[PDB]
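Single-structure report; data block below.
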Amino acid sequence: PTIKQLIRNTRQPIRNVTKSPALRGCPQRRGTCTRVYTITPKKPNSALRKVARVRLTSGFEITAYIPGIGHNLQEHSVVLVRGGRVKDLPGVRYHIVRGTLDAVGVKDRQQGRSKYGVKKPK
Amino acid sequence: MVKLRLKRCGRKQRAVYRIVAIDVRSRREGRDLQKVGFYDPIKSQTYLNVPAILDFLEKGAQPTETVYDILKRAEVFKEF
Amino acid sequence: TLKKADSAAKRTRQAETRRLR
Amino acid sequence: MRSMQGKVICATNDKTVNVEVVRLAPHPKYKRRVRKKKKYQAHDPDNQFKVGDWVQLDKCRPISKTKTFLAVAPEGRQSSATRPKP
Amino acid sequence: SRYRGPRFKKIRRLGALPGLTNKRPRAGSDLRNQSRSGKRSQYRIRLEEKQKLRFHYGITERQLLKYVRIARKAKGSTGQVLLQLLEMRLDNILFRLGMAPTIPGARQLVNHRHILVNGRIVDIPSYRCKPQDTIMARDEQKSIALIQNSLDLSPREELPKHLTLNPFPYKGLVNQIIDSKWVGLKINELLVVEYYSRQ
RNA sequence: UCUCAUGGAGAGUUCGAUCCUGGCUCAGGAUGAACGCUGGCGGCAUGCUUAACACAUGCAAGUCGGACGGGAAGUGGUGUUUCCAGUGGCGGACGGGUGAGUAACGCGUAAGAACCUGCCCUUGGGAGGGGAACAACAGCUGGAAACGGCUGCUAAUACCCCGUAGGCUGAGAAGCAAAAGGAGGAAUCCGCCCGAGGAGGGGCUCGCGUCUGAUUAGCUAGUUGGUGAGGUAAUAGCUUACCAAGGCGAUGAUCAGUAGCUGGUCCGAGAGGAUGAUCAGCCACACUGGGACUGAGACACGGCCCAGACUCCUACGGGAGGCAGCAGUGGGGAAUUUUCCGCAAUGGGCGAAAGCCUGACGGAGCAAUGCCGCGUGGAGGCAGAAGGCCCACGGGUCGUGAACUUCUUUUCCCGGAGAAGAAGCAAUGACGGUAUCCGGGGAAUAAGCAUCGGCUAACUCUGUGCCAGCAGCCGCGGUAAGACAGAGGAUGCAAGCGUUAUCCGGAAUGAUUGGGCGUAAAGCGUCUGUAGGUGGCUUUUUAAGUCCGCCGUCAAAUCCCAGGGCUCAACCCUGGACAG
Ligand SMILES: [Mg+2]
Ligand SMILES: [Mg+2]
Ligand SMILES: [Mg+2]
Ligand SMILES: [Mg+2]
Ligand SMILES: [Mg+2]
Ligand SMILES: [Mg+2]
Ligand SMILES: [Mg+2]
Ligand SMILES: [Mg+2]
Ligand SMILES: [Mg+2]
Ligand SMILES: [Mg+2]
Ligand SMILES: [Mg+2]
Ligand SMILES: [Mg+2]
Ligand SMILES: [Mg+2]
Ligand SMILES: [Mg+2]
Ligand SMILES: [Mg+2]
Ligand SMILES: [Mg+2]
Ligand SMILES: [Mg+2]
Ligand SMILES: [Mg+2]
Ligand SMILES: [Mg+2]
Ligand SMILES: [Mg+2]
Ligand SMILES: [Mg+2]
Ligand SMILES: [Mg+2]
Ligand SMILES: [Mg+2]
Ligand SMILES: [Mg+2]
Ligand SMILES: [Mg+2]
Ligand SMILES: [Mg+2]
Ligand SMILES: [Mg+2]
Ligand SMILES: [Mg+2]
Ligand SMILES: [Mg+2]
Ligand SMILES: [Mg+2]
Ligand SMILES: [Mg+2]
Ligand SMILES: [Mg+2]
Ligand SMILES: [Mg+2]
Ligand SMILES: [Mg+2]
Ligand SMILES: [Mg+2]
Ligand SMILES: [Mg+2]
Ligand SMILES: [Mg+2]
Ligand SMILES: [Mg+2]
Ligand SMILES: [Mg+2]
Ligand SMILES: [Mg+2]
Ligand SMILES: [Mg+2]
Ligand SMILES: [Mg+2]
Ligand SMILES: [Mg+2]
Ligand SMILES: [Mg+2]
Ligand SMILES: [Mg+2]
Ligand SMILES: [Mg+2]
Ligand SMILES: [Mg+2]
Ligand SMILES: [Mg+2]
Ligand SMILES: [Mg+2]
Ligand SMILES: [Mg+2]
Ligand SMILES: [Mg+2]
Ligand SMILES: [Mg+2]
Ligand SMILES: [Mg+2]
Ligand SMILES: [Mg+2]
Ligand SMILES: [Mg+2]
Ligand SMILES: [Mg+2]
Ligand SMILES: [Mg+2]
Ligand SMILES: [Mg+2]
Ligand SMILES: [Mg+2]
Ligand SMILES: [Mg+2]
Ligand SMILES: [Mg+2]
Ligand SMILES: [Mg+2]
Ligand SMILES: [Mg+2]
Ligand SMILES: [Mg+2]
Ligand SMILES: [Mg+2]
Ligand SMILES: [Mg+2]
Ligand SMILES: [Mg+2]
Ligand SMILES: [Mg+2]
Ligand SMILES: [Mg+2]
Ligand SMILES: [Mg+2]
Ligand SMILES: [Mg+2]
Ligand SMILES: [Mg+2]
Ligand SMILES: [Mg+2]
Ligand SMILES: [Mg+2]
Ligand SMILES: [Mg+2]
Ligand SMILES: [Mg+2]
Ligand SMILES: [Mg+2]
Ligand SMILES: [Mg+2]
Ligand SMILES: [Mg+2]
Ligand SMILES: [Mg+2]
Ligand SMILES: [Mg+2]
Ligand SMILES: [Mg+2]
Ligand SMILES: [Mg+2]
C-alpha cells in the first residue's frame with residue numbers, strides 16, 4: 001500500500017508447489033510394488049479400487065492407482081508410474097503406466113488404446 | 001599477433017566467410033576487433049572495405065594465405 | 001631402442017638443467 | 001568521471017578521514033527515489049579536514065587496503081555568505 | 001498433409017466452397033430425422049468460418065496459423081492481409097486462371113512440375129506469387145495438353161482484374177496484389193481473426 | 001473525423017434460489033523433454049538435465065637436418081639421398097571438455113594509474129678476443145621390467161670470462177651490463193644483442209547493478225589506519241616490527257542455505273515474471289588436497305614433486321596411471337548416438353621452403369527430439385447393386401464414398417549423364433559418383449491418433465447395473481447410462497496424435513501500472529517520541545534530480561524493419577534503427 005512500505009520488500013510471491021513430490025521433477029519414475037491391494041472409495045462413490053504401494057528409485061513409498069479393467073501385477077514387480085490424481089481415493093496421487101515394464105496392456109480394449117498401452121488389432 | 005582471416009558462417013555445405021581483424025589466439029569464430037571483408041566461393045561474391053584493411057596492415061596485422069591473395073586480387077598490396 | 005615423448009621428457013630435463021643455472 | 005561530494009564522519013585517524021556520501025537512486029521497481037549512504041576511507045595528507053566538513057572526493061592509486069580516494073577541497077557549493085536583498 | 005477425404009460432405013456442413021467442388025450438393029435429405037444440434041454456439045460459428053477458409057485453399061492448420069502470425073505482424077488490417085496471403089498461393093492462382101478444374105487439381109498440377117514461374121520450375125503449391133509474375137505451362141506435350149483442355153472446356157470468364165491470360169502460348173500474368181472485394185469466397189475475416197485471439 | 005494504436009475474451013464449482021468475498025480447476029503458449037499408439041520422404045537444427053561416479057582398447061601436440069655432433073639405410077663408396085634417438089629452437093599457457101566450487105570486483109557496465117608483454121609491425125645502434133664443460137657415442141656394470149650406475153669422449157644458435165654500450169643504480173662522484181651463427185658461387189636472405197615506439201594479449205584499483213533466511217545481532221585483532229624496514233612486473237597488511245583504536249553493522253554486518261555470470265531464451269497487452277541447453281563472451285576446475293620449477297605468458301587437463309584414495313603390471317625386489325578430449329564399456333537413471341571418413345575447405349603449431357601434425361574443424365552414420373516443405377492421387381462416376389448401422393419398417397445413413405472409366409508421376413522402381421564448393425602455375429574433393437538433369441515403366445509404394453455430459457467443436461444404439469470401470473474440476477454408474485465398455489456415425493488435428501513432468505499466462509491470486517482492512521482474511525488497547533518519509537506562501541541563487549542538443553560506448557549472433565540467396569519455407573547473408 002504505502003510506497004515506503006513496498007520499498008521494504010512487502011510483495012513476495014507464493015512459490016509453485018508440486019502435486020507429485022515423489023517424482024522429483026520427472027515425467028515418470030520406476031518403482032517396485034511392495035503391496036497390491038484394494039481400497040474402498042470415499043462415500044458416496046462405492047466400488048473396489050485397484051491400488052498398489054510402490055517403492056520408488058527416488059526412495060519414497062507411494063500409493064499408485066492402477067487403471068483399466070483387471071491386471072497381472074503382484075509384489076516384486078517392476079513398474080512405471082506417472083503423475084495425476086484420483087479424486088476418489090484419499091492420498092492417491094499417482095497412476096501406473098500400462099503396457100510398460102511389468103504391467104501388460106489391458107486385454108481387449110478397442111478405444112483410446114494409447115491410454116492403456118494396447119497394440120492396434122489387424 | 002593481430003591477424004586478418006576468415007571466420008566461417010552460413011550452413012552445412014554452404015559456407016560463407018567474413019574477413020575479420022582479430023587476435024591470433026581467439027577461436028576461429030571467436031570475438032574480434034573489427035569486421036572488414038566479406039567472402040564467398042559459391043556465389044563468387046567477394047568484396048572488401050579497404051580503409052580498415054590498410055589501417056590494420058599498417059599497425060602490423062598479418063593476413064592468412066587465402067586472405068593474402070584476396071587482398072592481392074583487389075590491389076591492396078600495391079597501395080601499401 | 002626408440003623413445004617417443006618429446007614434449008614431456010625433453011622439457012622436463014631442460015627444466016632441471018636451467019633450474020640449476 | 002564526476003567526483004563524489006560528501007561530509008566527514010570521522011577525522012580521528014592519521015592521514016585519513018572517513019567520509020559519508022549520500023546519493024539518490026531511482027529504485028529498480030518502484031519508481032521513487034531513495035537515499036543510499038556509503039562510507040569511504042579517504043586519504044588526506046596534512047590532516048587539514050575536521051569532523052563535520054563538507055569535502056569533495058577524488059580518485060587515485062591505492063594507498064592502503066581501503067583508501068583509494070584523495071580528500072579534496074570542497075568543489076563548488078552555494079555561499080552561505082549573505083547576499084544583497086533587492 | 002492433404003485432405004483426401006469426402007468433399008461433398010464438408011460442403012454440406014460448411015457452405016459453398018468453389019475451390020473444392022463444382023457439383024452442387026444433393027437436396028440434403030436430412031429432412032427425415034430432422035436432426036439438429038439445436039443451434040450453434042458462438043464458438044461453432046467462428047470454427048466453421050475458419051474451416052471454410054482452410055478447406056477452400058487446401059491449407060493445413062499449422063500452416064494457417066503461421067499465415068496468421070505473418071498477418072498480425074504486417075502493418076495493415078489483419079483479416080485483409082490474411083486473405084491476401086491465402087489468395088496469392090501458386091496453386092490458387094493457377095486455379096483462378098482457369099488453368100485447373102479445382103484446387104486439388106491445381107495443386108496436383110503444380111506438384112508434378114508442370115508449371116513455370118518466370119522460366120523456372122516451381123513444384124511446391126504454397127509458393128507465394130508476387131506482382132509482375134509469369135505463369136506458364138512447361139513446354140512438353142503433356143503440360144500443354146492438360147492446361148489446354150482444362151482451360152478451354154471451362155467457359156468461366158470471371159478473371160478478377162489482377163490476372164491476365166494470353167491466348168496461344170498460354171502466358172498467364174500476375175499483375176498486382178489482390179483487392180478485398182476481389183477475394184475468392186464469402187467470408188467475414190473478422191470472425192476468423194476473432195477465432196484466433198488465443199492461437 | 002486527421003493522427004496513433006495491431007493489443008487485455010472467459011467457463012464450471014459453496015446456495016432452496018440471489019448478490020458478493022474467496023480459493024481450487026480448465027481453455028493458450030513453450031520444451032535439451034519422457035512414455036503410449038501409429039509411422040512415407042526430404043530440408044535445416046538437436047542429442048547424459050541424473051553420478052565433478054568409475055574406466056578395458058585405440059587415437060586427441062608436435063614440428064625444425066638451413067643450430068649441432070654423431071650412426072643407419074642404401075649407393076659404389078662423403079657425387080645422390082634418405083630416415084633416426086640425443087643436445088639445442090620455438091610450440092605444448094591456444095584449441096577441446098565440464099559447471100563441482102564461487103554471493104566475490106567472480107560477472108555486466110563505466111571509469112582509473114602504479115604495470116607487464118615472446119611472436120607481428122615501426123625505428124635507433126651494434127655484434128671484438130678467448131676458454132670451459134655436458135649428453136650422444138665408447139668401455140665396464142646393476143636391474144624381470146620400468147629405469148639405471150661408473151669411467152672415459154665430443155659439437156653447437158647450448159655454458160662461462162674479458163673489452164666496448166644514447167641503458168640501470170645513485171644528489172653526485174662514480175659503479176654496473178651485450179652478442180650467434182646458418183644458408184647461397186657472390187648479391188642477398190632468415191636470424192642474434194641493446195635501447196625507443198605501435199598495436200594486440202594479460203595484471204591490478206575503484207563507482208554502479210549483481211539470490212532466500214532476524215526462529216541468523218553483534219562481527220573483526222594483521223583486524224582499520226600511521227611510520228621504518230623488506231617484498232612484488234607494478235599500487236596495496238602483500239609481509240614484518242613499532243605506534244594508534246579503529247573498520248563494518250537493524251538501509252541487515254557476521255553466520256547459515258542456494259547458485260557459475262552475461263549477451264540471450266520462453267512467456268506477458270504492457271509493466272515486468274521465470275530461466276541461463278545448443279550458439280558467442282568471461283570466470284572457475286582437471287582423481288582428492290598442497291607446492292613450486294621452466295618460461296613473455298602457467299601455479300600448467302594429455303608436465304614435475306609430495307601426501308592420500310583407487311586401478312593395473314611384477315620374475316615380488318619394485319614399477320605404471322588419471323576420458324569433466326573424440327569415439328566406447330560398466331554403473332545410476334524415465335531418458336540422450338558410431339570404438340565412422342578425411343585433412344579437400346576454414347583455423348591453428350613448427351619449418352627457408354618443400355611439407356609434416358591437428359577426434360579444432362569439415363563431413364557422413366543413428367534417432368519423428370524439434371521446427372519447415374511435400375506426398376499418400378487428379379477429373380469423371382446410372383443414382384442402380386452387395387454390406388455395416390439406425391429405423392415409428394415408409395425409409396434414413398455410411399456415400400461420389402468405393403467398385404468403375406480416363407489423365408498425371410512429386411515420391412517409388414530400373415537405367416544413363418553428373419556439379420559448384422579450389423584459393424589464379426598446373427595439380428589438389430573427405431563429402432560422393434551425392435545434390436541436380438535426361439529417359440523408361442506404373443494409381444502405381446505409403447493414415448493414424450485423440451474426443452464426442454458442461455467448459456468444448458462433435459450422438460445414437462446394443463452390453464453392463466453403486467458392479468466392472470471413468471474423471472481436469474463439478475461429478476457420472478442401483479434396468480432403457482448422450483459421463484462406463486463395444487458398435488456405427490460425427491468432430492479435431494494430421495505424419496503425427498495423446499498422456500505425464502517443468503515454467504509463464506489466464507491470476508487484478510503479493511496489486512508500481514492494478515486490491516483491500518465497520519460486518520467477508522485484515523486498524524497495534526491507548527498515547528509520548530528517536531531514526532526514516534512527506535510538508536504552506538513570496539522573491540533570489542544554484543543546478544543535484546528533470547528537460548533538450550551533440551559525442552563515446554552498451555561485441556558479433558538473436559529479436560524488429562528493408563532488400564537478397566537456397567525451386568518455397570524453415571535456415572543463411574547484407575544494410576539500418578527505435579527503445580532502454
Ligand atoms: Mg498455474
Ligand atoms: Mg570458383
Ligand atoms: Mg508437417
Ligand atoms: Mg476420420
Ligand atoms: Mg524436390
Ligand atoms: Mg494471449
Ligand atoms: Mg455457505
Ligand atoms: Mg447445490
Ligand atoms: Mg476473485
Ligand atoms: Mg496445454
Ligand atoms: Mg516403433
Ligand atoms: Mg553433467
Ligand atoms: Mg587406455
Ligand atoms: Mg594420428
Ligand atoms: Mg632434408
Ligand atoms: Mg624432413
Ligand atoms: Mg634455422
Ligand atoms: Mg651430401
Ligand atoms: Mg631426429
Ligand atoms: Mg588449456
Ligand atoms: Mg580452452
Ligand atoms: Mg563443442
Ligand atoms: Mg568491476
Ligand atoms: Mg577481473
Ligand atoms: Mg559490489
Ligand atoms: Mg621464448
Ligand atoms: Mg663475440
Ligand atoms: Mg661482462
Ligand atoms: Mg645447401
Ligand atoms: Mg656458405
Ligand atoms: Mg539472474
Ligand atoms: Mg603487527
Ligand atoms: Mg553448484
Ligand atoms: Mg498480465
Ligand atoms: Mg552439456
Ligand atoms: Mg562455449
Ligand atoms: Mg572421473
Ligand atoms: Mg621465471
Ligand atoms: Mg588455473
Ligand atoms: Mg598441458
Ligand atoms: Mg585425459
Ligand atoms: Mg566421452
Ligand atoms: Mg547403460
Ligand atoms: Mg539402467
Ligand atoms: Mg582418423
Ligand atoms: Mg588443413
Ligand atoms: Mg591450413
Ligand atoms: Mg609460418
Ligand atoms: Mg563435428
Ligand atoms: Mg530411419
Ligand atoms: Mg524428420
Ligand atoms: Mg526420417
Ligand atoms: Mg516418441
Ligand atoms: Mg531422445
Ligand atoms: Mg475422386
Ligand atoms: Mg511418365
Ligand atoms: Mg584449380
Ligand atoms: Mg523421372
Ligand atoms: Mg457442443
Ligand atoms: Mg472417456
Ligand atoms: Mg491438465
Ligand atoms: Mg433407473
Ligand atoms: Mg437385461
Ligand atoms: Mg442400457
Ligand atoms: Mg429401442
Ligand atoms: Mg463410451
Ligand atoms: Mg468407433
Ligand atoms: Mg500476476
Ligand atoms: Mg496499489
Ligand atoms: Mg480482495
Ligand atoms: Mg465473523
Ligand atoms: Mg473480521
Ligand atoms: Mg482502535
Ligand atoms: Mg500491544
Ligand atoms: Mg508521535
Ligand atoms: Mg524529525
Ligand atoms: Mg524538506
Ligand atoms: Mg512549496
Ligand atoms: Mg548486437
Ligand atoms: Mg524480410
Ligand atoms: Mg526468396
Ligand atoms: Mg545483422
Ligand atoms: Mg542510447
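By order in the C-alpha cells, chains are A, B, ...; within a chain, residues start at 1; ligands start at 1, following the order shown.
Taking only C-alpha atoms (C1' of nucleotides) and all ligand atoms into account, every polymer residue with at least one atom at most 9 Å away from ligand 9 is listed here: residues 21, 22, 23, 507, 508 and 509 of chain F.
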N, CA and C atoms (P, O5', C5', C4', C3', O3' and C1' of nucleotides) of the current selection, written as a PDB file, in the first residue's frame:
```pdb
ATOM      1  P     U F  21     -16.487  -9.597  -5.354  1.00  0.00           P
ATOM      2  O5'   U F  21     -15.962 -10.176  -3.972  1.00  0.00           O
ATOM      3  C5'   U F  21     -15.380  -9.323  -2.999  1.00  0.00           C
ATOM      4  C4'   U F  21     -14.911 -10.105  -1.796  1.00  0.00           C
ATOM      5  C3'   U F  21     -13.864 -11.181  -2.057  1.00  0.00           C
ATOM      6  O3'   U F  21     -12.537 -10.671  -2.105  1.00  0.00           O
ATOM      7  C1'   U F  21     -15.614 -12.090  -0.781  1.00  0.00           C
ATOM      8  P     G F  22     -11.466 -11.218  -3.178  1.00  0.00           P
ATOM      9  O5'   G F  22     -11.293 -12.750  -2.788  1.00  0.00           O
ATOM     10  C5'   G F  22     -10.852 -13.102  -1.492  1.00  0.00           C
ATOM     11  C4'   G F  22     -11.133 -14.540  -1.177  1.00  0.00           C
ATOM     12  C3'   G F  22     -10.466 -15.545  -2.077  1.00  0.00           C
ATOM     13  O3'   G F  22      -9.107 -15.734  -1.740  1.00  0.00           O
ATOM     14  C1'   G F  22     -12.708 -16.167  -1.735  1.00  0.00           C
ATOM     15  P     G F  23      -7.972 -15.719  -2.876  1.00  0.00           P
ATOM     16  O5'   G F  23      -8.210 -17.071  -3.670  1.00  0.00           O
ATOM     17  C5'   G F  23      -7.232 -18.085  -3.638  1.00  0.00           C
ATOM     18  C4'   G F  23      -7.802 -19.370  -3.131  1.00  0.00           C
ATOM     19  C3'   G F  23      -7.743 -20.512  -4.111  1.00  0.00           C
ATOM     20  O3'   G F  23      -6.464 -21.117  -4.157  1.00  0.00           O
ATOM     21  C1'   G F  23      -9.884 -20.420  -3.142  1.00  0.00           C
ATOM     22  P     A F 507      -7.886 -13.164 -15.553  1.00  0.00           P
ATOM     23  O5'   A F 507      -6.800 -13.506 -14.434  1.00  0.00           O
ATOM     24  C5'   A F 507      -6.871 -12.877 -13.159  1.00  0.00           C
ATOM     25  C4'   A F 507      -5.626 -13.052 -12.307  1.00  0.00           C
ATOM     26  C3'   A F 507      -4.256 -13.058 -13.006  1.00  0.00           C
ATOM     27  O3'   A F 507      -3.307 -12.359 -12.183  1.00  0.00           O
ATOM     28  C1'   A F 507      -4.445 -14.940 -11.638  1.00  0.00           C
ATOM     29  P     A F 508      -2.862 -10.834 -12.469  1.00  0.00           P
ATOM     30  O5'   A F 508      -3.904  -9.963 -11.634  1.00  0.00           O
ATOM     31  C5'   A F 508      -3.908 -10.017 -10.213  1.00  0.00           C
ATOM     32  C4'   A F 508      -5.138  -9.400  -9.595  1.00  0.00           C
ATOM     33  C3'   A F 508      -6.452 -10.040 -10.004  1.00  0.00           C
ATOM     34  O3'   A F 508      -7.381  -9.927  -8.916  1.00  0.00           O
ATOM     35  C1'   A F 508      -6.450  -7.778 -10.653  1.00  0.00           C
ATOM     36  P     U F 509      -7.756 -11.195  -7.979  1.00  0.00           P
ATOM     37  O5'   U F 509      -6.350 -11.834  -7.593  1.00  0.00           O
ATOM     38  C5'   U F 509      -5.648 -11.393  -6.435  1.00  0.00           C
ATOM     39  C4'   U F 509      -4.558 -12.355  -6.007  1.00  0.00           C
ATOM     40  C3'   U F 509      -3.409 -12.557  -6.995  1.00  0.00           C
ATOM     41  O3'   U F 509      -2.187 -12.704  -6.283  1.00  0.00           O
ATOM     42  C1'   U F 509      -4.457 -14.632  -6.557  1.00  0.00           C
TER      43        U F 509
END
```
Can you check which residues of chain D have any atom within 10 Å of chain F? Use only C-alpha atoms (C1' of nucleotides) and format it as a PyMOL selection string.
-> chain D and resi 1-4+12-18+23-25+28-37+41+43+59-69+76-79+83-86
Can you tell me which residues sit at most 12 Å away from ligand 71, counting only C-alpha atoms (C1' of nucleotides) and all ligand atoms, written as a PyMOL selection string?
-> chain F and resi 519-521
For those residues, write N, CA and C atoms (P, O5', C5', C4', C3', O3' and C1' of nucleotides) to a file as a PDB file, in the first residue's frame.
```pdb
ATOM      1  P     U F 519     -14.969  -5.385  10.522  1.00  0.00           P
ATOM      2  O5'   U F 519     -16.314  -6.195  10.346  1.00  0.00           O
ATOM      3  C5'   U F 519     -16.984  -6.717  11.473  1.00  0.00           C
ATOM      4  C4'   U F 519     -18.332  -7.222  11.068  1.00  0.00           C
ATOM      5  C3'   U F 519     -18.328  -8.310  10.009  1.00  0.00           C
ATOM      6  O3'   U F 519     -18.173  -9.599  10.569  1.00  0.00           O
ATOM      7  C1'   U F 519     -19.895  -6.628   9.450  1.00  0.00           C
ATOM      8  P     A F 520     -16.781 -10.383  10.484  1.00  0.00           P
ATOM      9  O5'   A F 520     -16.818 -11.048   9.058  1.00  0.00           O
ATOM     10  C5'   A F 520     -16.474 -10.305   7.906  1.00  0.00           C
ATOM     11  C4'   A F 520     -16.313 -11.225   6.732  1.00  0.00           C
ATOM     12  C3'   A F 520     -14.896 -11.550   6.305  1.00  0.00           C
ATOM     13  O3'   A F 520     -14.374 -12.654   7.036  1.00  0.00           O
ATOM     14  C1'   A F 520     -16.306 -11.122   4.415  1.00  0.00           C
ATOM     15  P     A F 521     -13.778 -12.525   8.530  1.00  0.00           P
ATOM     16  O5'   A F 521     -12.215 -12.559   8.295  1.00  0.00           O
ATOM     17  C5'   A F 521     -11.514 -13.783   8.146  1.00  0.00           C
ATOM     18  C4'   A F 521     -10.075 -13.498   7.813  1.00  0.00           C
ATOM     19  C3'   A F 521      -9.613 -12.081   8.140  1.00  0.00           C
ATOM     20  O3'   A F 521      -9.204 -11.945   9.499  1.00  0.00           O
ATOM     21  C1'   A F 521      -8.979 -12.646   5.922  1.00  0.00           C
TER      22        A F 521
END
```
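Going from CA of residue 36 in chain B over to CA of residue 49 in chain B, you cover 5.9 Å.
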Can you list, as number ranges by chain, every protein, DNA or RNA residue that comes within 12 Å of range 11-21 of chain C when you count only C-alpha atoms (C1' of nucleotides), leaving out same-chain residues fewer than 2 positions away?
-> C: 5-9; F: 87-88, 91-92, 134-135, 158-160, 292-295, 303-304
Residue hits in chain E, query chain F, radius 6 Å, only C-alpha atoms (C1' of nucleotides), as JSON, numbers by chain = {"E": [105, 111, 112, 122, 127, 198]}
Could you dump the residues just selected with N, CA and C atoms as an mmCIF file, in the first residue's frame?
```
data_model
loop_
_atom_site.group_PDB
_atom_site.id
_atom_site.type_symbol
_atom_site.label_atom_id
_atom_site.label_comp_id
_atom_site.auth_asym_id
_atom_site.auth_seq_id
_atom_site.Cartn_x
_atom_site.Cartn_y
_atom_site.Cartn_z
ATOM 1 N N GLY E 105 -6.873 -30.272 -58.005
ATOM 2 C CA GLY E 105 -6.364 -30.394 -59.355
ATOM 3 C C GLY E 105 -5.159 -29.498 -59.582
ATOM 4 N N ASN E 111 2.529 -29.832 -58.324
ATOM 5 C CA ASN E 111 3.393 -30.859 -57.728
ATOM 6 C C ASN E 111 4.225 -31.641 -58.699
ATOM 7 N N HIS E 112 3.649 -31.880 -59.863
ATOM 8 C CA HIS E 112 4.213 -32.798 -60.819
ATOM 9 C C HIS E 112 5.152 -32.080 -61.785
ATOM 10 N N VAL E 122 8.640 -24.442 -60.565
ATOM 11 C CA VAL E 122 8.269 -24.474 -59.158
ATOM 12 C C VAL E 122 7.260 -25.602 -58.904
ATOM 13 N N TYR E 127 4.080 -21.732 -52.933
ATOM 14 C CA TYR E 127 4.947 -20.675 -53.421
ATOM 15 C C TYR E 127 4.123 -19.422 -53.557
ATOM 16 N N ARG E 198 -6.713 -16.600 -29.365
ATOM 17 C CA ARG E 198 -5.963 -17.463 -28.463
ATOM 18 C C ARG E 198 -4.825 -18.256 -29.115
#
```
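Residues in contact with ligand 62 (atom pairs separated by at most 10 Å; only C-alpha atoms (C1' of nucleotides) and all ligand atoms) are residues 465, 478, 479, 480 and 481 of chain F.
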Counting only C-alpha atoms (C1' of nucleotides), what is within 12 Å of range 34-37 of chain E, bar same-chain residues fewer than 2 positions away, as an NGL selection string?
-> (:E and (13 or 28-32 or 39-41 or 44)) or (:F and (396 or 457-460 or 490))
Go ahead and save the residues from that selection, with C-alpha atoms (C1' of nucleotides), as a PDB file, in the first residue's frame.
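Dumped to out_26.pdb:
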```
ATOM      1  CA  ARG E  13     -21.807 -28.632 -43.333  1.00  0.00           C
ATOM      2  CA  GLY E  28     -29.577 -32.707 -48.445  1.00  0.00           C
ATOM      3  CA  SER E  29     -32.211 -35.332 -47.480  1.00  0.00           C
ATOM      4  CA  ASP E  30     -31.839 -34.645 -43.694  1.00  0.00           C
ATOM      5  CA  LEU E  31     -35.496 -33.614 -43.643  1.00  0.00           C
ATOM      6  CA  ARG E  32     -36.489 -37.085 -42.375  1.00  0.00           C
ATOM      7  CA  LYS E  39     -28.328 -24.019 -32.727  1.00  0.00           C
ATOM      8  CA  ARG E  40     -24.653 -23.240 -32.907  1.00  0.00           C
ATOM      9  CA  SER E  41     -22.558 -21.927 -30.027  1.00  0.00           C
ATOM     10  CA  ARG E  44     -19.084 -23.116 -33.511  1.00  0.00           C
TER      11      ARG E  44
ATOM     12  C1'   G F 396     -32.543 -42.806 -43.294  1.00  0.00           C
ATOM     13  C1'   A F 457     -16.290 -28.418 -31.886  1.00  0.00           C
ATOM     14  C1'   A F 458     -18.903 -33.480 -32.245  1.00  0.00           C
ATOM     15  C1'   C F 459     -24.720 -38.566 -30.792  1.00  0.00           C
ATOM     16  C1'   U F 460     -27.333 -42.586 -31.226  1.00  0.00           C
ATOM     17  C1'   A F 490     -19.648 -37.429 -36.310  1.00  0.00           C
TER      18        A F 490
END
```
The residue from F:452, F:422, F:466, F:511 with the smallest atom-to-atom distance to ligand 60, counting only C-alpha atoms (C1' of nucleotides) and all ligand atoms, is F:452
